[PDB]
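Participant:
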RNA sequence: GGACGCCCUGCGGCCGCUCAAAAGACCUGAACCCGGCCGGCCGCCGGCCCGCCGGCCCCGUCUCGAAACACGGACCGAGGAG
RNA sequence: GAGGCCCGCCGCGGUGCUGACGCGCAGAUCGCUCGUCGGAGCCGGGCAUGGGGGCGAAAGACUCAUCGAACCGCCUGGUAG
RNA sequence: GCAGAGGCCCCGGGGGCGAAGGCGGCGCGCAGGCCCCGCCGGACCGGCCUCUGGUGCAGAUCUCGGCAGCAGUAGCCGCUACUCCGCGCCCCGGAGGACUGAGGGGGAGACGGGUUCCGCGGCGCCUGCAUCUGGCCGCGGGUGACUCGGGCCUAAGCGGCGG
RNA sequence: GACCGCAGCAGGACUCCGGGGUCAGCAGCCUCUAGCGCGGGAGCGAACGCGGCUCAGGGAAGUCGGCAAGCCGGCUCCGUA
RNA sequence: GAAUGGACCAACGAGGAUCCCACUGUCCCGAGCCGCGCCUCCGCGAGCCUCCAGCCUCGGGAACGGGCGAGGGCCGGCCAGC
RNA sequence: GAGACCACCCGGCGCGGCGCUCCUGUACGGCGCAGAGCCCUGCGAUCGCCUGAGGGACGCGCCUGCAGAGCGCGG
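Protein chains in written order, with the authors' numbering: chain LY, 72 to 140; chain LQ, 2 to 154; chain LG, 2 to 51; chain LS, 2 to 98; chain Lk, 2 to 89.
#1: Quick one: any contact between the region 105-113 of chain LQ and the region 61-80 of chain LQ, if contact means 3 or more CB pairs under 8 angstroms?
#2: Report the partner residues of residue 119 of chain LY according to the DSSP bridge assignment.
#3: Identify the contact partners of residue 7 of chain LG in chain Lk, using a Cβ-Cβ distance below 9 angstroms as the criterion.
#4: What residues match up with residue 50 of chain LS in a beta bridge as DSSP calls it?
#5: Across which residues does DSSP place residue 128 of chain LQ in a beta bridge pair?
#6: List the residues that DSSP assigns as beta-bridge partners of residue 34 of chain Lk.
#7: In chain LG, what lies closer than 7 angstroms to residue 112 of chain LY by C-beta?
#8: Where do the N-terminal and C-terminal ends of the alpha helix (DSSP H) with residue 149 of chain LQ fall, by residue?
#9: Give the straight-line distance between the Cα atoms of residue 89 of chain LQ and residue 5 of chain LS, rounded to the nearest whole angstrom.
#10: In chain LG, what lies closer than 7 angstroms to residue 25 of chain Lk by C-beta?
#11: Could one say the Cβ of residue 25 of chain LG lies closer than 8 angstroms to chain Lk's Cβ atoms, at least one of them?
#12: For my contact list, residue 24 of chain LQ and residue 86 of chain LQ are in at a C-beta cut-off of 8 angstroms; report their separation, rounded to the angstrom.
#13: Using a Cβ-Cβ cut-off of 8 angstroms (strictly less than) and excluding sequence neighbours within five positions of residue 129 of chain LQ, which residues of its own chain qualify?
#14: For a minimum of 4 consecutive residues, which ranges assigned as the alpha helix (DSSP H) are wholly contained in the region 49-73 of chain Lk?
#15: Assuming residue 98 of chain LQ and residue 35 of chain LQ form a contact by the criterion Cβ under 8 angstroms, report the distance between their Cβ atoms to the nearest whole angstrom.
#16: Taking the continuous beta strand (DSSP E) assigned at residue 52 of chain LQ, which residues delimit it?
#17: If I measure Cβ to Cβ from residue 26 of chain LQ and keep anything under 6 angstroms in the same chain, skipping five residues before and after, which residues do I get?
#18: Any idea which residues DSSP pairs residue 120 of chain LQ with across the strands?
#19: Determine whether the Cβ of residue 45 of chain LG lies closer than 8 angstroms to any Cβ atom of chain Lk.
#20: Kindly list, in the order they appear in chain LG, the residues whose Cβ is closer than 9 angstroms to that of residue 18 of chain Lk.
#21: Report buried or exposed for residue 80 of chain LQ, applying the criterion of at least 16 other Cβ atoms within 10 angstroms of its Cβ.
#22: Alpha carbon to alpha carbon, how far is residue 82 of chain LS from residue 75 of chain LS? Give it in angstroms, no decimals.
#23: State the Cα-Cα distance for the pair residue 45 of chain LG and residue 120 of chain LY, rounded to the nearest angstrom.
#24: Quick one: residues in its chain with C-beta nearer than 6 angstroms to the C-beta of residue 60 of chain Lk, no 5 flanking neighbours on either side, listed in chain order?
#25: Could you check where the beta strand (DSSP E) with residue 16 of chain LQ kicks off and where it finishes?
#26: So that I know if they touch, is there some Cβ in chain LY lying closer than 8 angstroms to that of residue 18 of chain LG?
#27: Since I believe residue 23 of chain LS is in contact with residue 2 of chain LS (beta carbons under 8 angstroms), could you give me their beta-carbon distance rounded to a whole number of angstroms?
#28: What residue range is occupied by the uninterrupted alpha helix (DSSP H) comprising residue 30 of chain LQ?
#29: Of the residues LQ/78, LQ/54, LQ/74, which one's Cα is nearest the Cα of residue 65 of chain LQ?
#30: Among the residues of its own chain, which have a CB less than 8 angstroms from the CB of residue 118 of chain LY, if the five just before and after it don't count?
#31: Buried or exposed: where does residue 115 of chain LY fall if 16 or more other Cβ atoms within 10 Å of its Cβ makes it buried?
#32: Could you tell me the distance, in whole angstroms, from the CA atom of residue 66 of chain Lk to the CA atom of residue 14 of chain LG?
#33: Is it true that the region 143-150 of chain LQ meets the region 20-28 of chain LG, where meeting means three or more beta-carbon pairs spaced less than 8 angstroms apart?
#34: Which residue wins for smallest C-alpha separation from residue 95 of chain LQ, given the options LQ/43, LQ/153, LQ/132, LQ/22?
#35: Count the other CB atoms within 10 Å of the CB of residue 30 of chain LQ; is the residue buried (16 or more) or exposed (fewer)?
#36: Let me see if you follow: with CB-CB separation under 8 angstroms, is residue 139 of chain LY close to chain LG or not?
Printed below as a string of structure tokens:
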């Protein structure tokens, strides 16, 4: 949650099959926001976790607030 | 029926513990030495074995136990001071001392230890490891201490 | 091992999430009487994939 | 009161090994409450958490014997434990000449 | 050094998981499954072991399709069959 | 699936409670083995008031012949072969 | 500056002690003492060779604590004066 | 004597007014064995006649399960080592005194293990003495790559090919 | 320090970076950095063991055999059958 | 007894012998002294074995007995050694 | 004075001082025109004197200081 405030990054678990570009289009279309970069690790427990850094113009704190995170 | 002693109107205070994590052999001896002692004398005596002033006579399981000067009087040259057992026997006696005095309203002097049954109990079985691919055991020997304070012998 | 394979990682991952105790509420609902999983493993003794 | 987690963090902040790290024993409580690199950094300004110097061995005895060796004081045949050719290669002197 | 020292120089994975049978029977060097038989199309069944055959065969899994279709044969799969034989 | 009260630094104990019963982590609960308390000085067989006299080698098994310095046998329970 | 040269560290072997241990630290370990140490050297990974077959600077050695013929199942509850 | 089967047990065999089983004590029988009494136990069980058999155990380096004496015995003899004080546990903090001694008891990787990593709480196990410790247990988290590696290409090799 | 040997198994595991002093040395011996105090402690100071020292005078007479120990050793310079 | 190779030894060799100088507890002839075990305590705690029982002399006996015949010794309970 | 443990023999013990005697071999430091020499009053391995010194002691003699004989247990 500190990352949302200083890295503009919302961390989301996404499907393992999803590629970086697919999560860019999905985050943009579902949360109506602009994304800059998605870094992705597969959790030791086999879950893809995405670190979406939102584009500078949008602030993640507002985007997180709309989701409730 | 866990308690071996049958009071049959003997006005006694009884406290026990089940599978106490001590050695059966060492605890048995502490209880036997305590038998017949005044409740106060027993408390002082058990404090003395902890302080090494007085020894616990080993009347039964004595092989490999060293003769000491303190046991000269008890009639057995052999004796040992078992510290872990002494703590348990004092704790069990304390619960009996309080329970008789609260239940039978008896002054501490009147109460004297009268019964000491200790029964070997089931114990943990940690494995030991030996030479030539052999696996041994380090089975424990817990005991069920039952100590009863009473009016008179 | 730090150079693992996703397919191997996926099978090892299931084992980590599966090695869990019976939920206490499950024990209560079914009246289990046997609260130990017996399919629970330990990294020191158990060799998965052996 | 394990101060081990605080000690590990203090080592990275100070940039030194845990052995060098020392704690002011008086402030046991304020170190126990510390739980972060930043919190330890505030303690470092208070000087309760400090590192020692590397206390490296003295070279004074060595730099005295070395100077005496320049005066030919400790060189003798008993002192030599290696062959002349090892101490002075003959190739070295010819190549220089 | 026949036993302990020799066992200490082991740090390799001779066998690996099988594609078809999900067991640590696939030799990595030979590319064959000890139990599954993969990459052979036919599976490895040997009547020398009754127990091995029993450990993996029909009935040792969901039997999803077969169960559903067997149940239908005790119901309306047979009526569908009669309709096909006659016209369609 | 354990009311209460008493204590205990506390653990835990103690009472009791529920129930027909604790049946209390479990139906019955044997043998071996062991702890208390009490009672004796003791293997068997016989006579006797009862600790004295008399008699008693360790079985099974092969074997001409076993107490054998032949072999098998710690102990007890269950299973075990025309 | 040459050498299947010598001494010697790590390594690589294992000579003695008939040492310790011998229900072991250990189904072969430990201590000194050793042989060698630019070589016909050592070490890791990949690979190939399969059972009367392999491999062997040959010891019937080695082939996963098994080898003068592996191991697992089966024929097989093989047969025995 | 055992365990079943077919019958019988003269108002339809014995049983919560206590079955089988267990523990002691009589009695009968040459004995195999039976019977009854007391106590525990808590629902089944027989006698006779005919029938059946997977029908009686001191042994088999018998099988399996329990467990004794030895015996509070043998042993816990590698890696130089701890001490004082704090509230102090072998954990921790300060102060001493050591040690591994850069072919390290250091800091890192390949492999192999597969979450052991970390933080918080605890000890019921385990830590072969202890523990307030922990690699142990419960809970919650933790692995981010255009440049590093896989992928890529070939090596020994291995497959594939009208056949 | 988590691999592999039934173990928290004086067992075995491949690399990479490698300070100071004495030294010919990456040897031995102490040290800086960094790690750290290891299946527990107390006493007593028997026999006997296990490792380690020393021993008068003699010196292998000991023993199957000088086994074991002891001697020797670095460097320079003579002198070498 | 002559490539089932004969003779021959420079240099080697953890190869197998013999002797000498040196050196030393190898020994005469053993003695003292460290550490660590042992021993005693505190806490932990097995293994293995086990017909029974654990004193001898002689006799007879599967010819070499703890037990059997005849004597002669022997409270019982333990430790450290061996 | 005795010892694995015990037992044995002795008991108001012991601790740490002081003398005596003994072991080793002349303590730190100060002093010198010592000192081979070198060089500025500096340097120097050493040597002589204070010093058969100092340091040490588990043997003796003494207390000069602290202490020291359990209403502990059993009869």
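Where is the CB? At the ideal position from N, CA and C, for every residue including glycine.
Facilitator: The structure says:
#1: no
#2: LY/85, LY/113
#3: Near residue 7 of chain LG there are no residues of chain Lk at all, since even the closest Cβ is about 13 angstroms away, more than 9 angstroms.
#4: LS/24
#5: LQ/138
#6: Partner residues in the beta bridge of residue 34 of chain Lk, as assigned by DSSP, are Lk/27.
#7: Chain order gives no chain LG residues near residue 112 of chain LY, where near means a beta carbon separation below 7 angstroms; the closest approach is about 11 angstroms.
#8: It is not in any alpha helix (DSSP H) - residue 149 of chain LQ instead sits in the beta strand (DSSP E) that spans 144-151.
#9: If I take the Cα positions, the gap works out to 36 angstroms.
#10: 50, 51
#11: Not a single CB atom of chain Lk sits nearer than 8 angstroms to the CB of residue 25 of chain LG.
#12: 7 angstroms
#13: The beta carbon of residue 129 of chain LQ sits closer than 8 angstroms to those of 136, 137, 138, 139, all from its chain and outside the five residues before and after it, given in chain order.
#14: 51-56
#15: With a Cβ gap of about 12 angstroms, residue 98 of chain LQ and residue 35 of chain LQ do not count as contacting.
#16: Per DSSP, residue 52 of chain LQ belongs to no beta strand (DSSP E); it is in the alpha helix (DSSP H), 40-52.
#17: 62
#18: Secondary-structure assignment with DSSP links residue 120 of chain LQ through a beta bridge to LQ/145.
#19: For residue 45 of chain LG, not one C-beta of chain Lk is nearer than 8 angstroms to its own C-beta.
#20: Within chain LG, the C-beta atoms nearer than 9 angstroms to that of residue 18 of chain Lk come from 8, 9, 12, 50, in chain order.
#21: buried
#22: Those two C-alpha atoms are separated by around 13 angstroms.
#23: 29 angstroms
#24: none
#25: 14-17
#26: yes
#27: Contact flag wrong, Cβ pair sits at about 17 angstroms.
#28: 25-35
#29: Ranking the options by Cα distance to residue 65 of chain LQ, first place goes to LQ/78.
#30: 84, 87
#31: exposed
#32: 30 angstroms
#33: no
#34: LQ/43
#35: buried
#36: no
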